[PDB]
C-alpha cells in the first residue's frame, strides 16, 4: 500500500426521503444514474424496482434531502461540469431532468445542508483547489456563482456541520495528510485558512458527530488500518491525537451512530468480507472486528431506517447490489444475511483523482 492510494469507495449513495424511506442511487453499465427505493420505511420492505434517469454521467452521484423534504442528486456530466436533478415534491417519484450548474470538476461532488436550509456543494476544481456553490435561498433552485476556497486536494472532500452550524470540510492534501477548513460563522461565506491534521490517509475522510456535539473523523492510514481523531473542545482547532485500530481494511470505512448513541464502523476487511466494530461504552474502547459471511466488492454504504435499524449496502461479486440489516432495534441485534436488490448491475463511476 502506497501513501497516495485511495481505498475503494461505496457503490451507491443513499438518502432518506421525507417519510424516511431509503432510496439508493448508482451508475449502471450504460453510464446512467439509476435509482430504487423502499415502498415502506422498514428494512424488510419490498423495493420498487430500478428506474433510470436519462443522461450519461462521469462521477459517482451525490444525494441530499432539501430542507423541504425533496431529494436532489448531483453528478458530473460528460462536459466535466456539475449537473443536478430533484424530486418535484417530497416523497414523489417525479423528477426534473438534469439541469446545469456549470463549473469544471475533478472529483465526486459532496453535498451539505446548511443549518439555514440551503444546500451547498463542494468539489475539487480543474486547478485541484476546493470550490463550492450554494443555494441562495433555502430549498430553491437559485444558486450562487462558483467560488474557490483554495488548497490542493488529493481526495474527494467530506463536509459536515459542527454542532453550532458551521460547515467543516475535510480533504487529503498534496502531502497526503488530512487537511480541513471551516466556516467561522454558521452558514455564512466566511472561512478559515486551511490547517493540517498531520496524519497521512489512504482513503477519503469520513466524518460523523458524536452526542457531545464533537466531530470524529475516520480514515484508512498508511499501514492500511482504520484510524480516527476527534474534536476535544468547543471549536474546530482543538483535536485529539490520532489513534489506530488493529486490523487491515481494504475499503473506505463507513460510520454510523446507533440508537444508543454509540458509534459503529463498517469496512471491507483483509479477507474481503464485511467487518464491523463498535464502541463498547460511551467514548469507550472499540470492539474487535466482527465479520459477516460473503465476499464483497465495494466499501459498505450504511443507512438507518425509520425504526432505527441499521442497513448496509454493498456490491456483490455478481456486480449487483446486496443488503443486510439488523433484525431488531437493539444494539446487540442479530443481522440478516445478504439479500439481492436485483434488476441492474452497477459500475464504480468514482472520479479517478490522478
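Positions refer to the first chain, counted from 1. Heads up, when I say rigid core I mean the largest set of C-alphas that superpose within 1.5 Å between the two forms.
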Greater root mean square CA deviation, 230-238 compared with 202-210 in 5 other deposited structures of this protein, core aligned: 230-238
Stretch farther from the shown model on average in 5 other deposited structures of this protein, with CA RMS computed after core superposition (38-46, 25-33): 38-46
Entry-level comparison of average CA B-factors, 202-210 and 226-234, reporting the higher stretch: 226-234
Residue range whose averaged C-alpha B-factor is higher in the record, 282-290 or 295-303: 282-290
Highest recorded Cα temperature factor - choice among 168, 110, 116, 271: 271
78, 162, 145, 251, ranked by C-alpha B-factor: the highest one: 78
Chain thirds of CA B-factor: placement of residue 157: lowest
Ranked C-alpha temperature factor of residue 172 among modelled chain residues, by third: middle
Assigned third (lowest, middle, highest) for the C-alpha B factor of residue 13: lowest
CA B-factor ranking of residue 180, expressed as a third of its chain: middle
Ranked against its chain, the third holding the CA B-factor of residue 40: highest
